[PDB]
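Chemist: Supplied in structure tokens, the structure appears directly below.
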6 protein chains.
Amino acid sequence: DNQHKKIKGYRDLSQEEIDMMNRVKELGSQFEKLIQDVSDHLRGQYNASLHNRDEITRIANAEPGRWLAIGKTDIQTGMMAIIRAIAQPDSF
Amino acid sequence: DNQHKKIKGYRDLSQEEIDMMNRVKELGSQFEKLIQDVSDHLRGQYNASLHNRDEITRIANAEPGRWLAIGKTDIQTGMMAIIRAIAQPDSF
Amino acid sequence: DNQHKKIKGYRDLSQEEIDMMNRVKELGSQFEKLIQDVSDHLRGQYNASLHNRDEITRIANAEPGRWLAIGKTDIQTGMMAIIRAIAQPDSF
Amino acid sequence: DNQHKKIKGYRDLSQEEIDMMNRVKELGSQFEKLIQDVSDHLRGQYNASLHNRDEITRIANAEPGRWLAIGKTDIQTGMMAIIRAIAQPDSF
Amino acid sequence: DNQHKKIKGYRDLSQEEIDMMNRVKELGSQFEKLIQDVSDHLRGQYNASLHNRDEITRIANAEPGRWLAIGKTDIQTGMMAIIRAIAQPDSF
Amino acid sequence: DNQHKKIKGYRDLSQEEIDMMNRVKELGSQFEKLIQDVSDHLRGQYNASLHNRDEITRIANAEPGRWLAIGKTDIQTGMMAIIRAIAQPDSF
Ligand SMILES: Nc1nc(=O)c2ncn([C@@H]3O[C@@H]4COP(=O)(O)O[C@H]5[C@@H](O)[C@H](n6cnc7c(N)ncnc76)O[C@@H]5COP(=O)(O)O[C@@H]3[C@@H]4O)c2[nH]1
Ligand SMILES: Nc1nc(=O)c2ncn([C@@H]3O[C@@H]4COP(=O)(O)O[C@H]5[C@@H](O)[C@H](n6cnc7c(N)ncnc76)O[C@@H]5COP(=O)(O)O[C@@H]3[C@@H]4O)c2[nH]1
Ligand SMILES: Nc1nc(=O)c2ncn([C@@H]3O[C@@H]4COP(=O)(O)O[C@H]5[C@@H](O)[C@H](n6cnc7c(N)ncnc76)O[C@@H]5COP(=O)(O)O[C@@H]3[C@@H]4O)c2[nH]1
């Protein structure tokens, strides 16, 4: 019970603050779905092109799965930073 | 006309690809609105607390405007990386 | 009371988990002190060298205050990522 | 001998500067130990929960090992940036 | 034809702008070659030292391939950010 | 003399290693010049458009100076990471 009191820097949050944090989290869920959809597109693109070496080489050179992972991490850490701006912990 | 042909690594894109890129951009617009709303909350919070030194010191120590800017940059660069995964330029 | 239940993805945490999170936060406090000490060194270095244009130009070109801010942000976001690995939210 | 003279932008450093850089490196060693401890916790958590599919799915969805790696990289690059603020190379 | 008009925020670009963007891309190609050369050095270093456990352990602890990948990503995203400063999309 | 021995994790470097590190630094100097050129373009663009509010608003919304600074930092930290892959310090 009341885990936050045990965590350093955590402070009490009002309903407005919690609602804003949850708004950020919800938008992120939409990004997650978009990322899954892009991953699904990539899976199809790769499959459609196996045996067509030129396209497989082009896709390997574009590295789209690596870039999608980069984007996912930036989206998640940006969400965390916005939420920190709302929640405002009293610690480094 | 056809600026992309002049830009290195840029390739022709199908309507499905362009639609996915635009989907990413649209979700980002929603993030922009959320960020503005958080900035507006912060402006109000600061204003409501001027002359209450303890709260002004607490807010200064939490640095919420800096964290909001950090989050904005991560959201934008993540969008760029997801869009690169869709668009797949043929260059470093 | 029990703010975490209202925040999406947040889950109950055991004492061991909270103790590890707090360990991360404590180490960060040590980094904060080190960063302040470096900022103090920089303030002195700059002061000692005003009127010695060559050194002031060299310091301006090294941009040490900007680099210290870069380091501070990376330390804080790394702390946040380690703490997320311990706390393990059930959301994007 | 005197490798630094051969490296562009590297400049001579006083004992105080070297001591501060080493202070940063030492604090980092403490972070390394903490990261290993978290990795050990994660290994145990996973092991304790194999055959309990719901928990294994939850852990896979939280991606704590990926987040721990993210945190490690941010800690290391932040250390590098703080050390650059102390050492102040005369190059881009 | 004219894919840019279909992509949100994309604007018409003059020849000077496109030439600057391509200048960035070209410099990046030079970085790609340097990165390949470093990867080749690492491959040789590892090979030359197999059976010399102490050196293999030292290399594993330095993690140079991971650091090279980190550097590659930072170079590519920095290129993207400079190009965005030139191209100036009218969107988030 | 021999400052590196006093810095933790620093190891002796061969001429080939130092030459590769310097190659990275040199390429970076080329990036610095390109960044200055882009900054100069931006200064001119802004100047040419003062009193044309629509263009000044568009430029303010694109935030090209902020994006150029983002790119500069990513280029510099990527250089640092590549150089760490060559130099291979024996510390966290
Ligand atoms: N002042 C204050 N009071 C709070 O109650 C509170 N709760 C969170 N925060 C801070 O918000 C910011 C963003 O949170 P996010 O959920 O994105 O990341 C969180 C989330 O991924 C995870 N986490 C924290 N608590 C829990 C929890 N109870 N369950 C699951 N995951 C958790 O660990 C990350 C980092 O936490 P901190 O980096 O220590 O504090 C956070 C951070 O500064 C708070 N700040
Ligand atoms: N002016 C100046 N004089 C110096 O003697 C000096 N030594 C280091 N630095 C700069 O400090 C900053 C942080 O150093 P860190 O050790 O975290 O990263 C270092 C470290 O990981 C690695 N490295 C450099 N020299 C060695 C070395 N001799 N042995 C092992 N690793 C080394 O390569 C990284 C990047 O070096 P640079 O990015 O070229 O210069 C560094 C950087 O700006 C110096 N700056
Ligand atoms: N205003 C404007 N008009 C343009 O014509 C234009 N073209 C690109 N940009 C923006 O430049 C910046 C850097 O571009 P880079 O090529 O590094 O990344 C690009 C590139 O990796 C990829 N991409 C975009 N279009 C194509 C394309 N036609 N073919 C291949 N890859 C493409 O997707 C990345 C992100 O694009 P955005 O993040 O939506 O817009 C870019 C970005 O802001 C433009 N901005």
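Residue numbers start at 1 in each chain; chains themselves are named A, B, ... in the order of the structure tokens; ligands are numbered from 1 in the order shown.
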Give the residues close to ligand 1, within 7 Å, counting only C-alpha atoms and all ligand atoms; write them as an MDAnalysis selection string.

Modeler: (chainID A and resid 4 9:13 79:81 83:84 87:90) or (chainID C and resid 3:4 9:13 79:81 83:84 87:90)

Chemist: Should the cut-off be 10 Å, what would the residue list for chain F against chain B look like, counting only C-alpha atoms, as a PDB file with C-alpha atoms, in the first residue's frame?

Modeler:
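File result-v3.pdb, as written:
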```pdb
ATOM      1  CA  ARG F  66      17.360  23.766 -32.755  1.00  0.00           C
ATOM      2  CA  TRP F  67      17.499  20.902 -35.283  1.00  0.00           C
ATOM      3  CA  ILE F  70      20.546  18.386 -32.383  1.00  0.00           C
TER       4      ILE F  70
END
```

Chemist: Sorted by chain and rising residue number, list the residues of chain C at most 12 Å from ligand 2 (counting only C-alpha atoms and all ligand atoms), each with its closest atom pair and distance in Å to one decimal, as a Markdown table.

Modeler:
```
| residue | atom | partner | partner_atom_place_in_ligand_line | distance |
| --- | --- | --- | --- | --- |
| C:58 | CA | ligand 2 | 1 (N) | 10.9 |
| C:59 | CA | ligand 2 | 1 (N) | 11.1 |
| C:61 | CA | ligand 2 | 1 (N) | 11.7 |
| C:62 | CA | ligand 2 | 1 (N) | 8.9 |
| C:63 | CA | ligand 2 | 43 (O) | 11.2 |
| C:64 | CA | ligand 2 | 43 (O) | 10.2 |
| C:67 | CA | ligand 2 | 43 (O) | 9.3 |
| C:68 | CA | ligand 2 | 12 (C) | 11.0 |
| C:71 | CA | ligand 2 | 13 (C) | 10.4 |
```

Chemist: CA of residue 38 (chain A) to CA of residue 86 (chain B): how many Å, to one decimal?

Modeler: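 Spanning CA of residue 38 (chain A) to CA of residue 86 (chain B) is a straight-line distance of 7.0 Å.
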
Chemist: So that I can see what lies close to residue 75 (chain F), please list as a list in words the residues with an atom at most 8 Å from it, counting only C-alpha atoms and leaving out residues fewer than 3 positions away in the same chain.

Modeler: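 Non-adjacent residues within range: residues 74, 75, 78 and 79 of chain E; 28, 31, 71, 72, 78 and 79 of chain F.
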